[PDB]
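A short write-up of the structure that comes next.
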Amino acid sequence: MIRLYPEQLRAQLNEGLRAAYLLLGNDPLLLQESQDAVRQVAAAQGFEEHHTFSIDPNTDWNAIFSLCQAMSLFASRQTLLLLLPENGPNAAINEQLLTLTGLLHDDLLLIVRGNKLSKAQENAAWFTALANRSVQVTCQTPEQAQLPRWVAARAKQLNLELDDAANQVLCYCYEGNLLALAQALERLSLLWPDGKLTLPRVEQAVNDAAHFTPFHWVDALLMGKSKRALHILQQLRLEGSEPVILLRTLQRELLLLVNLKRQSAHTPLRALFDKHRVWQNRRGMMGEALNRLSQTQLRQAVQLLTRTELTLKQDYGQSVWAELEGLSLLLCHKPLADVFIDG
Amino acid sequence: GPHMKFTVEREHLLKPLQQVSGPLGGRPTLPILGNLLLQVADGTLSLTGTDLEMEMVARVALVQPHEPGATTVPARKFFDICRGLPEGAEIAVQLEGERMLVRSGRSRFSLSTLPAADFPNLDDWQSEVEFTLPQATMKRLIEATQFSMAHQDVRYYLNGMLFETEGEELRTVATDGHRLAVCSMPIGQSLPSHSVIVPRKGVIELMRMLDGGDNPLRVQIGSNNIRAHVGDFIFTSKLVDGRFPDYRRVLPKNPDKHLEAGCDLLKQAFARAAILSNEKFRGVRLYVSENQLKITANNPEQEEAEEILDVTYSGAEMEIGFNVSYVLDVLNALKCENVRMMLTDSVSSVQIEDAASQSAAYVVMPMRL
Amino acid sequence: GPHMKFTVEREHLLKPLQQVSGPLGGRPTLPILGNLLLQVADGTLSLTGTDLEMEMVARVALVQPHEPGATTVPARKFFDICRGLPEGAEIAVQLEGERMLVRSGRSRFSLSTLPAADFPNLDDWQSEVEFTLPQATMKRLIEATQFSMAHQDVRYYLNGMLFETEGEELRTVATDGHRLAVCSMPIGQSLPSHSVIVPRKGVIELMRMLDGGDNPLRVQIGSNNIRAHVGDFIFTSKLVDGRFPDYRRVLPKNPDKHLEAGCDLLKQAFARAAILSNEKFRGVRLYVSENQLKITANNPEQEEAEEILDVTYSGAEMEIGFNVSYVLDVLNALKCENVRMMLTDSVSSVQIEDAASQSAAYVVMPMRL
Amino acid sequence: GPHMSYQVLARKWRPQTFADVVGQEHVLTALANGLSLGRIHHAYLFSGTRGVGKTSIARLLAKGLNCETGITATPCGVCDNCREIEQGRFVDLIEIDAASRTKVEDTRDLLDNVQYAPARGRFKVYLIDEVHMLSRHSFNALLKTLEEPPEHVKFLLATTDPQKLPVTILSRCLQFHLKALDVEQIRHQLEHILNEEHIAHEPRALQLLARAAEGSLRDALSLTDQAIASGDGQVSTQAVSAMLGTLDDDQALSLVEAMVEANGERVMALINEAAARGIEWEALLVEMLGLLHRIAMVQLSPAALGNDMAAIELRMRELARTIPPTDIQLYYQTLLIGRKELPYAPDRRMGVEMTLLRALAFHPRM
Amino acid sequence: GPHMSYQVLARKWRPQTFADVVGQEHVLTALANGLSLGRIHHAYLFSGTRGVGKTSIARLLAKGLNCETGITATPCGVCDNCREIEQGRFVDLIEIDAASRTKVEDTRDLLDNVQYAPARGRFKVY
Amino acid sequence: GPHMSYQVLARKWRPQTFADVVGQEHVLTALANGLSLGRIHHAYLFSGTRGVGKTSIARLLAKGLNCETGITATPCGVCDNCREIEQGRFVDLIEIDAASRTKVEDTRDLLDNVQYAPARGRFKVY
DNA sequence: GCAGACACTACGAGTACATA
DNA sequence: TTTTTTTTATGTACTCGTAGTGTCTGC
Ligand SMILES: Nc1ncnc2c1ncn2[C@@H]1O[C@H](COP(=O)(O)OP(=O)(O)O)[C@@H](O)[C@H]1O
Ligand SMILES: Nc1ncnc2c1ncn2[C@@H]1O[C@H](COP(=O)(O)OP(=O)(O)O)[C@@H](O)[C@H]1O
Ligand SMILES: Nc1ncnc2c1ncn2[C@@H]1O[C@H](COP(=O)(O)OP(=O)(O)O)[C@@H](O)[C@H]1O
Ligand code: BEF
Ligand code: BEF
Ligand code: BEF
Ligand SMILES: [Mg+2]
Ligand SMILES: [Mg+2]
Ligand SMILES: [Mg+2]
Ligand SMILES: [Zn+2]
Ligand SMILES: [Zn+2]
Ligand SMILES: [Zn+2]
């Protein structure tokens with residue numbers, strides 16, 4: 001059971017194909033690159049027939065019968081690709097993968113891709129059945145701390161001169177969308193054959209196609225960055241994510257913040273975080289959030305959140321995408337909020 | 001003015017319409033693609049039906065006075081108008097503005113038309129090779145090979161059927177990766193060796209197009225299309241730039257075992273085994289002895305089927321499993337008194353032929369079970 | 001669960017198995033609804049199929065040793081197993097626990113079962129009245145009114161057909177709110193008027209059971225259920241509860257305008273005119289003039305169709321718009337040569353009748369005029 | 001008939017050379033350089049808002065790729081292939097209205113022609129328009145085709161919403177996003193189009209027409225034709241101004257502007273117009289409340305402008321700067337009370353008028 | 001008056017010509033000018049509140065498009081086409097009640113027959 | 001047994017003629033005037049509170065509209081059409097519980113079936 | 001006969017979206 | 001570095017797989 005990064009994939013690919021390759025993660029670009037590299041090296045090894053099946057509760061399940069072990073009529077080595085759903089496999093998909101793994105042979109190479117499996121599913125019977133035979137590839141989006149380094153690395157891959165300001169602009173505009181970043185690098189290489197990249201046009205050949213998640217929004221709120229929080233909210237509204245998931249994601253952290261602020265007057269935050277099982281990534285963030293906010297601001301935040309919840313589940317109105325905005329400004333570097341606007 | 005003056009007999013018109021309306025189907029890629037092209041010229045009417053890869057043209061002679069012209073008419077509507085009229089009834093046709101007036105006695109219909117300039121026309125070409133075949137020969141070539149053709153495969157090579165011509169021999173090859181069928185027939189003419197691909201719909205149209213009469217069939221194969229002449233019907237279809245293997249290469253070059261069995265009994269036994277075989281996972285296993293050729297199958301319902309034959313054999317025992325549907329199709333295509341079966345290994349191919357005929361050969365690839 | 005050893009011949013079962021097949025398989029709504037009931041009792045085999053609201057059993061004579069009991073056997077599997085055996089081949093069945101071993105010569109099949117108790121049956125009852133009608137007459141009754149039944153209409157009444165009796169006449173009425181079909185035929189026996197409503201599916205199995213034989217169909221009319229008997233075949237079904245519309249109230253009150261013509265000519269003309277009819281409405285307009293009939297059809301494609309028929313008419317000219325599918329179905333049912341029509345007004349119901357005899361009658365309600 | 005012949009401005013003036021497409025310079029330059037260097041991706045997916053030339057630019061690409069003079073950014077009109085592109089009857093260009101042929105049957109039938117060589121062109125070019133709506137199985141077939149595409153086939157997908165496209169197709173397609181056209185470019189090309197035709201025009205009227213369209217060129221040209229029809233053959237300022245007043249929709253913004261300036265006659269005229277343009281009063285009052293909320297929020301941080309107010313930013317910035325937060329809070333409270341009170345009032349027009357009067361009464365304007 | 005058939009005023013007094021339409025001077029003038037001068041656009045959308053004339057004006061435009069006296073801004077009542085339009089039996093005025101035919105299959109069917117030319121009319125109106 | 005089930009007063013005492021109304025005179029005068037003259041309309045919408053009489057008023061209107069005596073302001077119970085309308089089973093009076101069948105499919109089927117001519121009734125009342 | 005083929009039409013199920 | 005995260009009731013389309021129904025073709 002090997003574990004690897006995309007950068008190291010060639011190292012395993014030029015050594016010899018394993019029984020199967022699992023492409024887990026959430027980056028379309030990284031997963032696509034890994035799958036394409038595996039397919040290319042398999043074709044170099046003499047793999048010609050490719051069949052792609054999407055795992056769905058209603059999809060075809062002829063893949064089990066597709067393992068005829070009789071291709072010999074033409075004798076073209078087969079590669080099988082499976083696309084896991086957004087939430088990963090279910091029980092039925094579990095035994096389907098069990099019976100597919102049980103029929104694996106040398107002539108067939110299995111490529112499995114999808115969203116990263118949770119711990120409850122990482123102990124599934126089929127996944128264990130792939131032990132000592134499979135190479136997992138970790139493809140998780142680098143965060144804004146690590147994203148500029150990745151952008152610089154890919155720019156060096158294309159032999160393009162990337163300026164720091166251009167790197168920052170591309171990181172800001174295309175956060176959470178690596179495929180968009182690769183397309184932008186290709187498009188800017190096409191626009192400028194000279195190879196350099198500077199502000200006057202990288203700020204022109206770009207759009208706000210960033211994709212975010214509610215966790216990014218909650219992190220922005222905790223760090224008190226109003227501009228980033230509002231931009232993330234706008235991007236999430238444009239993407240069409242349901243407001244209820246935003247409400248729940250912010251409610252969990254806000255309730256934790258209220259409890260921690262209440263308990264801070266008697267116990268140091270260092271022990272409080274450990275009691276509440278706060279991860280090292282978020283301990284400092286929540287410490288700064290607590291040090292920035294007072295009880296009154298948290299009470300106003302929860303009042304606004306309650307009003308938003310009521311106006312969402314009772315009046316069915318569309319004003320929620322406005323109210324959340326105010327809640328953003330309610331918790332960032334001197335909110336200076338109001339009462340009638342929220343109360 | 002341009003008028004489609006027609007005075008035809010329903011018996012001279014039903015069959016050509018029944019032929020030209022074949023390739024046409026519902027939901028066309030263009031509205032013009034759903035209308036048959038009428039073209040009256042000289043003293044004959046040309047009926048044209050196209051799919052952007054076919055042109056099916058039927059020429060019908062005329063006797064009554066008529067005026068030249070070209071237009072289009074809906075396929076199903078006009079065909080049913082011709083069909084519904086009484087036997088021996090004349091059909092008169094005219095064009096007024098953009099309306100085709102079809103009259104017969106007192107019956108009158110006014111169908112909607114389209115301009116004839118918008119109808120696509122396949123480009124002119126020169127024929128590379130020319131064949132002359134009997135109807136029965138081409139019929140047997142198609143019916144005994146088309147069943148093994150692939151269906152909607154990602155590899156566009158296997159979607160069609162291969163014609164391989166060598167000297168006085170013409171053979172058809174069809175495969176899907178798991179089955180393969182080849183059939184060779186003799187011709188009275190010397191012909192250059194040539195391998196050509198015909199698409200699935202093309203071979204379907206070719207099979208349905210030929211009649212049961214004794215009229216000779218003419219074949220033309222060019223650089224990138226094929227044409228067939230049968231009486232007053234001409235069908236032209238594009239080809240496929242594809243790669244196919246050697247039939248000898250796929251079949252066991254050195255066969256190891258020989259079996260001779262009755263076709264009907266084996267068909268019945270395989271069908272009976274397929275009854276309890278999984279409807280999706282169609283497949284059985286055969287175990288061979290001097291007389292026992294046991295066929296076994298089972299379903300996820302734990303219902304097992306085992307059956308025994310009385311087949312001549314003198315070699316070693318062997319267990320080979322494969323899809324029941326493949327052998328059922330092979331036997332149904334054979335239509336022979338006795339069948340010979342050649343086995344080499346479980347992971348190797350399985351050949352099937354006619355015990356008194358080497359004209360048609362079939363090979364199936366057994367699946368591990 | 002005693003052992004179940006059948007020893008039967010195909011020729012005595014394949015027809016009863018086909019008859020008992022009916023509406024089995026298809027859509028399995030729940031498992032214990034089951035496949036068949038095989039019962040051995042007193043040297044007879046009873047084979048039962050159901051639909052959770054319907055039941056039918058075939059009786060097969062057992063001229064050989066047997067073991068009484070009741071169990072189940074899969075419908076499609078048993079039917080195809082019996083069908084695929086060699087003609088006249090014997091069948092030997094054994095029961096081991098819940099497993100059926102079916103043997104034919106050297107062919108062996110294993111089958112799964114379900115307990116006979118889990119099967120759902122229909123509660124017994126006391127029959128109300130009983131008829132013994134000839135098969136040909138019953139077929140004439142059913143075929144004259146089968147087509148007019150509604151297609152899953154909200155008005156549940158229209159989803160079936162009514163059988164009623166008056167002395168020596170049996171009257172059958174079907175309707176869907178736009179068509180009416182009534183047929184009265186002599187019985188030979190006098191029984192009180194006990195109307196019954198049979199659903200469409202039940203009527204379908206009544207049609208299937210009839211074989212045009214000399215054995216008269218026996219029927220037991222109950223309160224909320226129906227039973228039928230054809231030789232060794234017994235059938236039963238539920239009933240639609242309610243009252244049908246009064247056909248006498250639907251039939252025209254003043255059928256002053258009379259028309260008579262040939263069935264074949266009218267059917268062919270209507271078939272020709274329906275080609276250009278609106279595929280969503282199928283409405284045609286009929287103009288009746290002195291000794292002349294005119295049919296006009298239009299469709300959204302703006303195509304026009306006109307047809308003229310020679311007829312005998314002594315009344316005044318009239319325009320009436322009505323469905324062409326309905327009249328086509330009526331003429332299809334009417335198998336004689338000459339057909340008469342009774343008309344009253346431009347928006348009045350039209351009565352279709354046989355010219356030879358009153359026999360059966362039909363009513364068509366016109367479209368918007 | 002007896003009216004000579006006059007086509008539609010929207011369909012006419014569609015560019016036939018890459019130099020006739022106005023705006024979207026980055027996409028055109030990138031395509032030109034890609035065709036010059038011979039670096040062509042397998043699939044080009046265009047995207048953007050309505051009426052910015054995605055289909056027109058894709059058609060230009062299809063014309064260029066099969067030009068007999070060679071693959072160039074400026075295909076000639078001379079080539080008979082180019083002429084057949086103009087007429088819409090080209091064997092090697094397959095235009096598929098994917099909005100109509102959504103089912104997998106038709107898509108598979110049209111994608112089974114990839115095995116056939118082009119008739120008279122270097123590349124078999126598919127122009128699948130409105131790709132966003134397409135059955136899932138049709139997406140599977142298209143993905144299977146794009147995974148192993150023949151070297152003589154190039155795809156030209158067009159859409160309005162790229163989000164609905166599956167990620168598996170996006171990851172295989174070079175995506176070109178087209179910006180909403182700037183107002184100045186729209187006005188410039190509108191001036192040139194009106195001058196090329198024999199239609200008189202006025203500068204302020206032209207500016208009004210350009211501003212009315214929300215950055216989409218088709219909107220601008222459609223409004224231009226409608227104004228010409230209403231303008232008695234002349235694009236006059238008064239006629240187009242009255243037309244746009246009739247088609248004016250953002251009533252709530254003008255209501256807020258008049259209310260905050262305590263202009264009773266102006267707000268009465270505006271509400272009369274909003275009554276004549278039949279609308280829902282609850283929706284109008286909700287829009288007013290939301291606009292006031294946004295104005296209150298922007299004063300706290302400019303970043304509250306976002307993207308929705310791209311065409312509204314100019315007035316909202318002035319309103320946020322010039323008005324104290326307390327007055328905005330009082331107006332928001334008054335309008336919220338009015339909205340709560342509206343259904344129980346007389347016919348809702350009366351209630352909206354009364355709420356606006358309540359809000360107006362606060363200022364000392366007489 | 002003399003009509004014993006007491007036709008509903010909502011039906012009997014539907015506008016016949018552009019002179020019988022009260023109000024809506026904007027749309028009336030626009031259509032009159034765009035039909036007298038020419039330049040007939042290929043798609044119209046009448047947006048307004050209930051019972052203002054969202055359909056009758058469309059029928060008036062349909063009458064004004066394909067009239068025997070040519071493209072006219074004054075729909076006559078003498079030729080067969082205008083009277084057929086008013087009676088609702090006209091061949092080319094395909095009145096698509098989008099409420100009933102709302103499924104995509106019906107729209108595909110409507111688009112399939114678009115090229116099949118008009119019968120007894122300058123234009124076919126959908 | 002005259003009451004096989006308890007014919008509750010809310011069902012037994014349903015009005016059968018226009019004279020049994022408890023005083024909805026403002027609408028009854030309009031209904032009687034309309035039926036007496038030729039002024040008949042094709043869409044009546046009775047609204048108000050619960051248990052006030054609008055379903056009974058509608059049924060009385062149908063009885064008056066379909067009775068074979070003629071279009072009578074006072075329906076006659078002797079009429080066969082009235083005999084069938086007061087009970088169920090009338091081929092013309094199609095009563096649809098809108099809440100029971102809210103789906104657009106049922107309404108579309110009803111509007112497809114409305115085209116057919118009525119059976120033996122002056123007006124097909126929905 | 002004729003039953004299979006082939007069409008053709010309908011129904012369930014899974015999915016996406018709307019309005020309240 | 002790792003997991004974290006949803007409001008239903010009712011209705012309306014859309015599209016594909018599977019089956020039920022007609023009918024008719026050389027079988
Ligand atoms: N970039 C552009 N340059 C010139 N005209 C344009 C442009 N974009 C849109 N148009 C105008 O709009 C009309 C329709 O444009 P089209 O490209 O079909 O838009 P879409 O992206 O929605 O398919 C064109 O005829 C043209 O007049
Ligand atoms: N502008 C108008 N002039 C005259 N009558 C009108 C006008 N608008 C509506 N009506 C009346 O309303 C009836 C139906 O109008 P209609 O045009 O169907 O309105 P809609 O726009 O809702 O379809 C007409 O018969 C007419 O009596
Ligand atoms: N105007 C009335 N005259 C006599 N009885 C009435 C009247 N209105 C209501 N009722 C009584 O109320 C019962 C229900 O009346 P109904 O007409 O169904 O009211 P609704 O308008 O709410 O449907 C009737 O059975 C009758 O007893
Ligand atoms: F043709 Be565009 F997408 F409006
Ligand atoms: F009655 Be209108 F068309 F709304
Ligand atoms: F109870 Be009533 F119909 F309002
Ligand atoms: Mg477009
Ligand atoms: Mg209307
Ligand atoms: Mg009521
Ligand atoms: Zn050129
Ligand atoms: Zn006229
Ligand atoms: Zn009466």
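Letters A, B, ... mark the chains of the structure tokens in the order given; residue numbers begin at 1 per chain; ligand numbers begin at 1, in order shown.
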
Can you give chain E as a JSON list (two decimals) with C-alpha atoms, in the first residue's frame after you superpose it on chain F, pairing all C-alpha atoms in order for the least-squares fit?
```
[["chain", "number", "residue", "atom", "x", "y", "z"],
["E", 1, "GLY", "CA", -88.32, 12.02, 9.08],
["E", 2, "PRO", "CA", -89.47, 8.61, 7.85],
["E", 3, "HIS", "CA", -86.02, 7.91, 6.34],
["E", 4, "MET", "CA", -84.45, 5.38, 8.70],
["E", 5, "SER", "CA", -81.20, 6.39, 7.02],
["E", 6, "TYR", "CA", -80.23, 9.21, 9.37],
["E", 7, "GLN", "CA", -78.61, 11.26, 6.61],
["E", 8, "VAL", "CA", -76.43, 14.06, 7.93],
["E", 9, "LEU", "CA", -78.27, 17.37, 7.96],
["E", 10, "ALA", "CA", -75.23, 18.82, 6.19],
["E", 11, "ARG", "CA", -75.98, 16.42, 3.31],
["E", 12, "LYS", "CA", -79.71, 15.66, 3.35],
["E", 13, "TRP", "CA", -80.87, 19.30, 3.29],
["E", 14, "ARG", "CA", -78.64, 20.59, 0.51],
["E", 15, "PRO", "CA", -80.60, 23.21, -1.46],
["E", 16, "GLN", "CA", -82.69, 21.88, -4.35],
["E", 17, "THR", "CA", -84.09, 25.04, -5.95],
["E", 18, "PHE", "CA", -83.28, 28.73, -5.69],
["E", 19, "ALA", "CA", -86.17, 29.02, -3.23],
["E", 20, "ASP", "CA", -84.44, 26.69, -0.75],
["E", 21, "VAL", "CA", -81.35, 28.90, -0.38],
["E", 22, "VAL", "CA", -81.34, 31.12, 2.70],
["E", 23, "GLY", "CA", -79.58, 34.45, 2.53],
["E", 24, "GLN", "CA", -77.20, 35.45, -0.25],
["E", 25, "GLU", "CA", -79.92, 37.54, -1.87],
["E", 26, "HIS", "CA", -77.23, 39.26, -3.95],
["E", 27, "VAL", "CA", -75.99, 36.15, -5.75],
["E", 28, "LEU", "CA", -79.47, 34.60, -5.92],
["E", 29, "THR", "CA", -81.01, 37.66, -7.57],
["E", 30, "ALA", "CA", -78.02, 38.08, -9.88],
["E", 31, "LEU", "CA", -78.20, 34.49, -11.11],
["E", 32, "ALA", "CA", -81.99, 34.54, -11.44],
["E", 33, "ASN", "CA", -81.85, 37.71, -13.54],
["E", 34, "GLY", "CA", -78.89, 36.55, -15.62],
["E", 35, "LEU", "CA", -80.64, 33.28, -16.38],
["E", 36, "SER", "CA", -84.16, 34.58, -17.02],
["E", 37, "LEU", "CA", -82.93, 37.41, -19.25],
["E", 38, "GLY", "CA", -80.07, 35.41, -20.72],
["E", 39, "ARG", "CA", -76.48, 36.53, -21.24],
["E", 40, "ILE", "CA", -74.86, 33.64, -19.38],
["E", 41, "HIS", "CA", -71.20, 34.37, -18.71],
["E", 42, "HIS", "CA", -68.64, 31.64, -19.32],
["E", 43, "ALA", "CA", -66.90, 31.68, -15.93],
["E", 44, "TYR", "CA", -68.12, 32.20, -12.36],
["E", 45, "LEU", "CA", -66.17, 32.59, -9.12],
["E", 46, "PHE", "CA", -68.10, 32.30, -5.86],
["E", 47, "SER", "CA", -65.94, 33.87, -3.14],
["E", 48, "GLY", "CA", -67.00, 33.62, 0.49],
["E", 49, "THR", "CA", -66.16, 32.17, 3.86],
["E", 50, "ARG", "CA", -66.67, 28.55, 4.88],
["E", 51, "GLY", "CA", -70.04, 26.85, 4.96],
["E", 52, "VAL", "CA", -71.97, 29.67, 3.30],
["E", 53, "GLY", "CA", -72.85, 27.83, 0.11],
["E", 54, "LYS", "CA", -69.85, 28.13, -2.16],
["E", 55, "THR", "CA", -70.59, 24.81, -3.91],
["E", 56, "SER", "CA", -74.33, 24.13, -3.59],
["E", 57, "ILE", "CA", -75.17, 27.37, -5.39],
["E", 58, "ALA", "CA", -72.80, 26.32, -8.16],
["E", 59, "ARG", "CA", -74.68, 23.04, -8.47],
["E", 60, "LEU", "CA", -77.94, 24.99, -8.55],
["E", 61, "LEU", "CA", -76.60, 27.10, -11.41],
["E", 62, "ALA", "CA", -75.54, 23.90, -13.17],
["E", 63, "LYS", "CA", -79.08, 22.60, -12.79],
["E", 64, "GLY", "CA", -80.45, 25.89, -14.10],
["E", 65, "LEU", "CA", -78.21, 25.91, -17.17],
["E", 66, "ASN", "CA", -78.95, 22.55, -18.84],
["E", 67, "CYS", "CA", -82.55, 21.73, -17.92],
["E", 68, "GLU", "CA", -85.07, 19.92, -20.11],
["E", 69, "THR", "CA", -87.41, 22.93, -19.98],
["E", 70, "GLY", "CA", -84.62, 25.10, -21.40],
["E", 71, "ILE", "CA", -82.56, 27.74, -19.66],
["E", 72, "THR", "CA", -84.65, 28.38, -16.55],
["E", 73, "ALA", "CA", -84.28, 30.32, -13.32],
["E", 74, "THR", "CA", -86.43, 27.72, -11.52],
["E", 75, "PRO", "CA", -84.61, 24.35, -11.53],
["E", 76, "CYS", "CA", -87.27, 21.66, -11.75],
["E", 77, "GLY", "CA", -86.97, 18.31, -10.01],
["E", 78, "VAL", "CA", -88.84, 16.26, -12.60],
["E", 79, "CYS", "CA", -86.52, 15.94, -15.61],
["E", 80, "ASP", "CA", -83.66, 13.46, -15.68],
["E", 81, "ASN", "CA", -80.91, 16.09, -15.91],
["E", 82, "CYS", "CA", -81.64, 17.86, -12.62],
["E", 83, "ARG", "CA", -81.97, 14.63, -10.65],
["E", 84, "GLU", "CA", -78.77, 13.29, -12.21],
["E", 85, "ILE", "CA", -77.03, 16.52, -11.17],
["E", 86, "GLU", "CA", -78.30, 16.12, -7.61],
["E", 87, "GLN", "CA", -77.19, 12.49, -7.46],
["E", 88, "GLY", "CA", -73.76, 13.52, -8.74],
["E", 89, "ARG", "CA", -73.91, 10.99, -11.59],
["E", 90, "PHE", "CA", -74.61, 13.53, -14.35],
["E", 91, "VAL", "CA", -72.58, 13.07, -17.52],
["E", 92, "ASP", "CA", -71.73, 16.70, -18.31],
["E", 93, "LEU", "CA", -71.29, 18.11, -14.78],
["E", 94, "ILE", "CA", -67.57, 17.41, -14.60],
["E", 95, "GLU", "CA", -66.80, 18.11, -10.94],
["E", 96, "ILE", "CA", -63.09, 18.95, -10.93],
["E", 97, "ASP", "CA", -61.85, 18.63, -7.36],
["E", 98, "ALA", "CA", -58.97, 21.03, -7.94],
["E", 99, "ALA", "CA", -57.36, 19.95, -4.66],
["E", 100, "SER", "CA", -56.63, 16.50, -6.10],
["E", 101, "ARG", "CA", -56.19, 17.41, -9.78],
["E", 102, "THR", "CA", -53.90, 20.37, -9.14],
["E", 103, "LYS", "CA", -50.86, 19.57, -11.28],
["E", 104, "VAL", "CA", -50.45, 21.33, -14.62],
["E", 105, "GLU", "CA", -50.63, 18.00, -16.46],
["E", 106, "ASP", "CA", -54.15, 17.36, -15.18],
["E", 107, "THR", "CA", -55.18, 20.89, -16.17],
["E", 108, "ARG", "CA", -53.77, 20.30, -19.66],
["E", 109, "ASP", "CA", -55.77, 17.07, -19.81],
["E", 110, "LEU", "CA", -58.91, 18.97, -18.79],
["E", 111, "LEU", "CA", -58.32, 21.61, -21.46],
["E", 112, "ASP", "CA", -57.68, 18.93, -24.10],
["E", 113, "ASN", "CA", -61.22, 17.55, -23.83],
["E", 114, "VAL", "CA", -62.94, 20.94, -23.77],
["E", 115, "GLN", "CA", -64.04, 20.91, -27.43],
["E", 116, "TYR", "CA", -65.50, 17.39, -27.49],
["E", 117, "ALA", "CA", -69.13, 18.58, -27.25],
["E", 118, "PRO", "CA", -71.73, 17.85, -24.54],
["E", 119, "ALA", "CA", -73.76, 14.66, -24.29],
["E", 120, "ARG", "CA", -77.42, 14.92, -23.26],
["E", 121, "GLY", "CA", -77.01, 18.55, -22.24],
["E", 122, "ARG", "CA", -77.22, 22.10, -23.54],
["E", 123, "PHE", "CA", -73.90, 22.97, -21.88],
["E", 124, "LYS", "CA", -71.06, 21.02, -20.34],
["E", 125, "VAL", "CA", -70.14, 22.40, -16.91],
["E", 126, "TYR", "CA", -66.62, 22.22, -15.49]]
```

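Omitting residue 191 of chain C and its sequence neighbours fewer than 2 positions away, and counting only C-alpha atoms (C1' of nucleotides), the residues within 12 Å are residues 128, 129, 130, 131, 132, 164, 165, 166, 167, 168, 169, 170, 187, 188, 189, 193, 194, 195 and 221 of chain C.
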
Within 9 Å of chain E: residues of chain B, using only C-alpha atoms, as a PDB file with C-alpha atoms, in the first residue's frame:
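Now in selection_9.pdb:
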```
ATOM      1  CA  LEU B  30     -31.845  18.021 -39.997  1.00  0.00           C
ATOM      2  CA  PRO B  31     -35.458  18.463 -41.125  1.00  0.00           C
ATOM      3  CA  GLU B  98     -44.574  24.611 -51.786  1.00  0.00           C
ATOM      4  CA  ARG B  99     -47.345  21.999 -51.572  1.00  0.00           C
ATOM      5  CA  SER B 112     -45.636  20.092 -47.171  1.00  0.00           C
ATOM      6  CA  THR B 113     -42.449  20.294 -49.233  1.00  0.00           C
ATOM      7  CA  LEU B 114     -38.955  21.772 -49.000  1.00  0.00           C
TER       8      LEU B 114
END
```

For a quick test of understanding: name the residues of chain A lying within 12 Å of chain B when counting only C-alpha atoms, and present them as a list in words.
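In the required form, that comes to residues 48, 49, 50, 51, 52, 60, 61, 62, 63, 64, 65, 66, 67, 68, 69, 70, 71, 72, 73, 74, 75, 76, 77, 78, 103, 104 and 105 of chain A.
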
Mind listing as a PyMOL selection string which residues of chain D are within 12 Å of chain H, counting only C-alpha atoms (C1' of nucleotides)?
chain D and resi 102-105+133-138

Which chain B residues are at most 8 Å from chain C (counting only C-alpha atoms), as an MDAnalysis selection string?
chainID B and resid 77 80:81 84:85 106:112 268:269 271:272 275:276 301:309

Which residues in segment 1-93 of chain F does DSSP call alpha helix (DSSP H)? List them as a PyMOL selection string.
chain F and resi 9-12+25-36+54-66+80-86

Gap from atom CA of residue 24 of chain B to atom CA of residue 75 of chain B - Å, one decimal:
7.7 Å
